Undergrad: 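Have a look at the structure that comes next, please.
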Amino acid sequence: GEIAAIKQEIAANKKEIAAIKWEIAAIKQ
Amino acid sequence: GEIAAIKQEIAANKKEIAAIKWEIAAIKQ
Amino acid sequence: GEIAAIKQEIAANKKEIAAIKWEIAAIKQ
Ligand SMILES: [Cl-]
């Protein structure tokens, strides 16, 4: 369904955001 | 409601994205 | 419509995330 598909994409963005924040932490050391 | 909950999560991701972009600016100085 | 507006905002966040990941790659060189 449409709503479920939307929720999945929001969740995927949440994962990428958490990955980036880890990366930013790693660059700063 | 479902739509409202979705909108709140999108907004939360928008905030994290803006925070990261500020962080990226700060790392570059 | 509401769903379409939501989808557009999710897509906009996806673009910003891809931009940030490119930026992170560029900072690391
Ligand atoms: Cl999102």
Side-chain angles (χ1 to χ4, degrees):
Chain A
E2 275 280 300
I3 295 293
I6 280 319
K7 289 163 115 166
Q8 178 53 235
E9 205 166 16
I10 290 175
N13 287 351
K14 184 176 266 286
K15 180 176 61 52
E16 292 303 308
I17 288 165
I20 288 169
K21 289 158 78 170
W22 195 278
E23 275 271 290
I24 288 172
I27 286 167
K28 297 196 306 196
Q29 236 75 19
Chain B
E2 275 280 300
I3 295 293
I6 280 319
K7 289 163 115 166
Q8 178 53 235
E9 205 166 16
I10 290 175
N13 287 351
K14 184 176 266 286
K15 180 176 61 52
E16 292 303 308
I17 288 165
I20 288 169
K21 289 158 78 170
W22 195 278
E23 275 271 290
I24 288 172
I27 286 167
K28 297 196 306 196
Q29 236 75 19
Chain C
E2 275 280 300
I3 295 293
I6 280 319
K7 289 163 115 166
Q8 178 53 235
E9 205 166 16
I10 290 175
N13 287 351
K14 184 176 266 286
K15 180 176 61 52
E16 292 303 308
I17 288 165
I20 288 169
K21 289 158 78 170
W22 195 278
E23 275 271 290
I24 288 172
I27 286 167
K28 297 196 306 196
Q29 236 75 19

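As a basis for the values below, the full set of heavy atoms in this structure was taken, side chains included, without hydrogen atoms, waters or symmetry mates. Reminder, nothing fancy here: chain letters follow the sequence lines and each chain counts from 1.
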Undergrad: Rounded to the nearest 0.5 Å, how far apart are CD1 of B:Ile10 and CG of C:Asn13?
TA: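 Output value for this atom pair is 7.0 Å.
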Undergrad: By side chain to side chain contact (heavy atoms under 4.5 Å, CB included), which residues pair with A:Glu2, not counting sequence neighbours?
TA: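 Testing A:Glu2 for side chain to side chain contact (heavy atoms under 4.5 Å, CB included), a comparison that skips the adjacent residues, returns C:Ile3, C:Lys7.
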Undergrad: Which donor-acceptor pairs under 3.5 Å do side chains of residues 19-29 of chain C form with protein atoms, sequence neighbours excluded?
TA:
from: C:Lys21; atom 1: NZ; to: A:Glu16; atom 2: OE1; distance (Å): 2.6
from: C:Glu23; atom 1: OE1; to: B:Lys28; atom 2: NZ; distance (Å): 3.2
from: C:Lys28; atom 1: NZ; to: A:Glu23; atom 2: OE1; distance (Å): 3.2

